[PDB]
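Working notes for the structure below.
Quick note: numbers below take in every heavy atom, side chains included, and nothing from hydrogens, waters or symmetry partners. Just so you know, ligand 1 is whichever comes first in the structure, and atom 1 is the first atom listed for that ligand. Numbered from 1 within each chain, the chains take letters A, B, ... in sequence-line order.
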Amino acid sequence: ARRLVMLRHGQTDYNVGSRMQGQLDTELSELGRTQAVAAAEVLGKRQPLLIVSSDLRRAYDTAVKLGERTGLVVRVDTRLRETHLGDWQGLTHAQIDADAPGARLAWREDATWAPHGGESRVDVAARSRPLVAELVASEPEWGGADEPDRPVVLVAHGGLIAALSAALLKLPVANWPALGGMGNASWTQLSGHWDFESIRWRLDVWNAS
Amino acid sequence: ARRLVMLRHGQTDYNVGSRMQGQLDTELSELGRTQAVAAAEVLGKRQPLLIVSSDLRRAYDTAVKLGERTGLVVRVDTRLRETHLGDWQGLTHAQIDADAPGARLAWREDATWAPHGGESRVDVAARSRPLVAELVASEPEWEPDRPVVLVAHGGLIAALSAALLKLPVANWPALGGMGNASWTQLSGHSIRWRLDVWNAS
Ligand code: VN3
Ligand code: VN3
């Protein structure tokens, strides 16, 4: 079995202000940096095989602390970026609700709906799922005989993680909103048991702190 | 929206020996009581509204440590019992696999399959889900972030959670087994449930 760990970036100042980011490249807050230190310790002990991060700095900075704790290089991939949120980037929840009452809630319940200029959950899965497939192909050590519990660690964002997870689990799109919201520096683990499609993923942990 | 928290029982002696329990009333082990304390600590802080426990002692006792921690009567409902596992109750993994090779694994992948004499995951969801809807009706208070806590079992939690999420039966095996004294949180916003936490320790 292949263990896949997915870590949401630590707290940013925008998170503190309930302000939407998307692919705006915001900074970790001080608290966010200490969160990343704490998470690296926990995940470091699990002895990751590999670290792949979103190139957005809030994720990348989170990933670098795990790299320091484990002596692994941090690989970077734009396909792990958070959902592009188009017109909503830079606005707060309150601001969005004032303009479009009910649009946020509606967005949340429809995995095919994108904000104007942005991405849907389905779009994000379409870019991120093949990356997991590439790592299955490129990392023979993963779930291999020697050390089969050593996880691949993807460091990213909450939207990306829900989308990628639902897609790996092969939930129908209509059910993707069943997956909730990750905490800052919280993680999710899937296991892939066994062609890439033949892999059967299950959810071991959603949103551990 | 309403928070629903579901806690699996602490470790039993049967768990250490990979021995199936079902609705056999087995006991918490030493380590299991310890686990139940620690979990009581964490979950007490979220200021639970109310507690329902399976009447099985491994679950009931687990619930008690939280009840003590926060001062509420641990309500009991037999509808929170673990999957009845028929012929498998009392048998070990090694034992089941020797008699019916591949049945145990295949069972995990089919929410509709029951051990002979026992219940399927679909059966378990149908009997336990009415308890949640009853608590929706009979409990006005739903401070709306205070959680309702169900203390129960790994099978029951997976099945009930999948049913609340309205996952298709075919996808119910997407949910992996809960750790001992680990918990899950659903949020209900008919109501649409989402998964906030699966198998936190
Ligand atoms: O705040 V995020 O990009 O998960
Ligand atoms: O082994 V338990 O009844 O979840």
Side-chain angles (χ1 to χ4, degrees), chain A residues 6-29 32 35-36 53-62 80-85 88-89 93 118-119 124 154-164 180-188 207, chain B residues 6-29 32 35 53-62 80-85 88-90 92-93 119 124 150-160 176-184 199:
Chain A
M6 284 174 280
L7 177 68
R8 172 164 184 235
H9 64 82
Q11 192 197 58
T12 59
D13 298 313
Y14 278 42
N15 293 154
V16 177
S18 307
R19 180 176 266 94
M20 304 298 281
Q21 303 158 123
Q23 299 189 4
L24 290 183
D25 207 7
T26 59
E27 291 285 335
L28 297 176
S29 69
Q35 282 164 349
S53 183
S54 160
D55 67 319
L56 296 174
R57 66 182 64 189
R58 74 189 100 134
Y60 179 76
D61 294 349
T62 289
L80 291 180
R81 291 188 204 194
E82 180 64 301
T83 315
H84 196 300
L85 300 180
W88 288 3
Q89 299 189 160
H93 292 186
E119 291 167 316
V124 175
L154 309 176
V155 184
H157 317 261
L160 178 123
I161 291 169
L164 175 54
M182 310 263 299
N184 287 120
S186 294
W187 61 88
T188 282
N207 196 26
Chain B
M6 287 175 284
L7 175 69
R8 172 155 100 108
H9 65 77
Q11 192 194 244
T12 60
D13 297 309
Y14 276 41
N15 295 154
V16 181
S18 303
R19 180 178 275 96
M20 308 292 276
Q21 302 158 122
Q23 296 188 3
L24 289 175
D25 207 1
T26 68
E27 209 117 294
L28 297 172
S29 73
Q35 284 166 352
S53 178
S54 163
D55 69 322
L56 295 182
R57 72 182 68 192
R58 71 187 169 281
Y60 184 85
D61 294 351
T62 287
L80 292 185
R81 281 179 189 186
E82 179 67 299
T83 316
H84 193 296
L85 297 173
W88 286 1
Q89 298 190 164
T92 258
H93 291 185
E119 286 170 310
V124 178
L150 305 172
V151 185
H153 313 267
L156 178 131
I157 288 170
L160 175 55
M178 307 260 299
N180 286 121
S182 296
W183 58 276
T184 283
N199 198 28

Self-check item: Selection from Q21(B), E82(B), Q11(B), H153(B) by shortest heavy-atom distance to atom 1 (O) of ligand 2
Solution: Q21(B)
Quiz prompt | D55(A) side-chain N/O to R81(A) backbone N/O, donor-acceptor pair under 3.5 Å | solution = no
Quiz item: Is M178(B) near ligand 2, meaning one of its heavy atoms is under 4.0 Å from it?
Solution: no
Quiz item: Which of these, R19(A), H9(A), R8(A), has its nearest heavy atom closest to atom 3 (O) of ligand 1?
Solution: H9(A)
Quiz item: Is a side-chain donor or acceptor of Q35(B) paired with a backbone partner of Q11(B) at a separation under 3.5 angstrom?
Solution: yes
Exercise. Could you say whether the N/O atoms of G158(A) and ligand 1 ever approach to under 3.5 Å?
Key: yes
Quiz item: If you measure from each non-hydrogen atom of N15(A) to ligand 1, which part falls under 4.0 Å: side chain, backbone, both or neither?
Solution: side chain
Self-check item: Per-atom contacts, ligand 2 versus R58(B) - under 4.0 Å to a heavy atom
Solution: 2 (V), 3 (O)
Quiz item: Backbone N or O of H93(A) within a donor-acceptor pair of the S18(A) side chain at under 3.5 Å?
Solution: no
Quiz item: Can you check whether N180(B) reaches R8(B) side chain to side chain, under 4.5 Å on heavy atoms?
Solution: yes
Quiz item: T12(B) and side chain to side chain donor-acceptor pair (under 3.5 Å): which partner among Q21(B), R57(B), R19(B), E27(B)?
Solution: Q21(B)
